[PDB]
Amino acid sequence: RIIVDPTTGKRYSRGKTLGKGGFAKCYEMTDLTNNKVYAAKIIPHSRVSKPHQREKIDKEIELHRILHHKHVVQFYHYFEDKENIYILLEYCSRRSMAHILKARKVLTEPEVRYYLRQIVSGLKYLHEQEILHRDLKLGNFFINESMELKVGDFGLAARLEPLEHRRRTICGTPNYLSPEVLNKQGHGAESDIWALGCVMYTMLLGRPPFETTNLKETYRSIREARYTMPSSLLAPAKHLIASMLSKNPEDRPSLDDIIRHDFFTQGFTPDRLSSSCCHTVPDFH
């Protein structure tokens, strides 16, 4: 199917479906003017009929479009016709880390380092743009043909605010809600670091440190930041996790601290992972 941008000319060719993404049906989409393929979100206007959800995609577009970094999903272009909103993004042929961990259950430490360094790289970039991601999770770590990680899904992203004028209600339904968010202090950069500690824990253990049902029954355990630290963890992994999941947001490490922690500097890390790592445990050393 040929899709024309009524604003510019510009013709696109719709390829195979990639599946559902919230408000969107997702497709391969080729810009016929470079002949390059992008991952497209196609959202019918009927899915954004309410002003609040109209405002939701608009902000996603506004924030995402200004980002350029090797470990952030590259926004290409967006347009609309009478039927749909089209958001064309960097095509990542090897799905996400959610798909990888589902298959692998648990990852090796050099792999955890490989992926985490890339997540930290992209999040660093965001935090310096004073943009908070607000839903860091394995499904939002997209993996391209070359096994490179890109942080995506800016659905819940917002510009940083000072505490005094900050939103205090839980925004959307993120994977890892953060003691300070549950204490109605709002979501800061440390809340992204929370979610990064939960990610690392999940990569190593195959399950989150706290329940992720977002039910009010789980709030106390999260606020208290009490969890099982399994003995299977190596000591440096244990220490870095512990620091990222500090109860008090002020006690958590900076991003520069995180990648300079012993967990990273005292282990081997590949420059490149093979795609077999999506399915199979890699060889030693």
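Numbering starts at 1 and runs along the sequence shown.
Taking the PDB entry as given, 54-62 carries the higher mean Cα B factor of the two stretches 255-263 and 54-62. The stretch with the higher mean CA B factor, choosing between 134-142 and 186-194, is 186-194.
Annotation for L204, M97, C92, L163: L163 ranks highest, by Cα B-factor. Ranked within its chain, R159 lands in the highest third, by CA B factor from the PDB record. Per-chain ranking of the deposited C-alpha B factor places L215 in the highest third. When the modelled residues of the chain are ordered by their C-alpha B factor, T108 lands in the lowest third. Annotation for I85: CA B-factor lies in the middle third of the chain's modelled residues. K102 sits in the middle third of its chain by CA B factor, as recorded in the PDB entry.
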